[PDB]
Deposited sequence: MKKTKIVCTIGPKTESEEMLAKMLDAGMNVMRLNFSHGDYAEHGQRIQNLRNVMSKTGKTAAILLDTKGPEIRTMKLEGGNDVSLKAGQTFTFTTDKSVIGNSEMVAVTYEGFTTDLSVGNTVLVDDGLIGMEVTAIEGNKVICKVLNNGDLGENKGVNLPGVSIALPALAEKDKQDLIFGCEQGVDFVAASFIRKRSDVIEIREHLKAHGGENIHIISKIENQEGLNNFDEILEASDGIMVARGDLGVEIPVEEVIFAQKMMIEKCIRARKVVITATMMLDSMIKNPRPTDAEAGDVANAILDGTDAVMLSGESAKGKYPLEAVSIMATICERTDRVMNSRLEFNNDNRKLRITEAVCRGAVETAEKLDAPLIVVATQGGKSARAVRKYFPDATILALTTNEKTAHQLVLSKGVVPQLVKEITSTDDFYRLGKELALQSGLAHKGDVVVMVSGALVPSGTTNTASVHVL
């Protein structure tokens, strides 16, 4: 079986339960829900359908609701026709939504545009297709020198590298989508356009205000600022999502692959999950994936793409997984040890008891060869760990004591078909210490 997890974004062509069940077989592990479109009626059904499939089949799966996030946008162009901007010429951005663009100027969805900006700064239109330096700003007008030739189409995204934009972590709508997440009880929330440590707090603050406390926050890094603040942001988050394309528009090309690498390394050390979103696939892509997985990503995600797409990502996840190796060089010490020994003894698995899922995470850090079977009485947690690499969670009634665990665990591991009589198996867990503390390890033959 593969170990890497796959995240698909679901939609119309794929929301039926019959579709979802097949997608589960193809390899999907989490259902993404993009708040950039659709509605509460649809999404809620989408979600319902997944859960019915789960009940009907014993299959497990997480649900992640993806935030739209703040966004600046260029408006309307005369007769809806693309205009061509010439280098060195003048070009003007406006705050007035009424205004119909053309080759002389254009309106932006962002009222705060005039403010945050400054002459000297760089503006970047439509996925950085066109750069410009702000020469002037007066009233609702942003006046600039185009730095290079290009076609300005309508509704193009704007980027201001380096500038801190005063929009909120939370769009107005962004707040409503969250509540829906909590009411629905989504497992994760991938927050968009996160630039500094505060952005994570505000969503945590927000989710807490609506019963969302046990929801993991996956911060989406998408720019020079979030990149600079990554440590802080990673600190505050429950996970991370490397938005390659998005980030690619805001910084040097030779940096992207690296950023993705530093982010993943940092997440791994940190015990936090990381989703990598890159661009049959073109080979550039099939190796871009494999590389993300070699870099050690927990999960790869699939976007607007579908049953064949799944299976290919799924035969790629397996092929790259089957050749990776552990990375051995208190919870740490126990966990590393578990793994190592796991490996020395040739244990096919490593059962683990986790309430909040931390120990499965801590174990999964060393890239074990064995599958982690994680035990839990907590349902959100059982759902969440579906995101994490090599983990295979199992909700359980209870675990009375360390010895009960070992006993139970052995019954379970044997039921999983993941192990057999004579198999040695390593058990990791807590013993006389609060949650959030892994500290006991134990070998056992099935």
According to the entry, C-alpha coordinates are missing for deposited residues 280-288, 315-320, 345-353
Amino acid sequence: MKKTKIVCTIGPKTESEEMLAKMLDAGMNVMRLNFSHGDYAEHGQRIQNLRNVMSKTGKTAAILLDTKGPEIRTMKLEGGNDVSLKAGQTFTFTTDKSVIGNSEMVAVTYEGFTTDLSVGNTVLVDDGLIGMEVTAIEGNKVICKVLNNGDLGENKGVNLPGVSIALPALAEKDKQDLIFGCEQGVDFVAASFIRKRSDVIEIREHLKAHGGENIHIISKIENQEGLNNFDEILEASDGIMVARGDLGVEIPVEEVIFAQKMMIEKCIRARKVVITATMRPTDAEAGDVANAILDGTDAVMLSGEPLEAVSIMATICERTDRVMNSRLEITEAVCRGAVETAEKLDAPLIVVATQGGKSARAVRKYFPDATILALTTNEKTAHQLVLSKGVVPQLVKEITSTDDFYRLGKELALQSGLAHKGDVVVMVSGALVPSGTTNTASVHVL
From here on, numbers count along this sequence of modelled residues.
Averaging the C-alpha temperature factors as deposited, the higher value of 3-11 versus 437-445 falls on 437-445
Once average C-alpha B-factors are taken from the entry for 407-415 and 387-395, the winner is 407-415
For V323, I165, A191, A314, the deposited C-alpha B-factor is largest at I165
Top Cα B-factor in this entry, restricted to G212, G296, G101, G128, sits on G101
Entry-reported C-alpha B-factor of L432 relative to its chain, by third, is highest
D246: CA temperature factor from the record, placed by chain third, in the middle
By the entry's values, the third containing the CA B factor of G27 is the lowest
Chain-relative C-alpha B factor for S237 (record values, thirds): the lowest
Of the three thirds of the chain ranked by Cα temperature factor, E78 occupies the highest
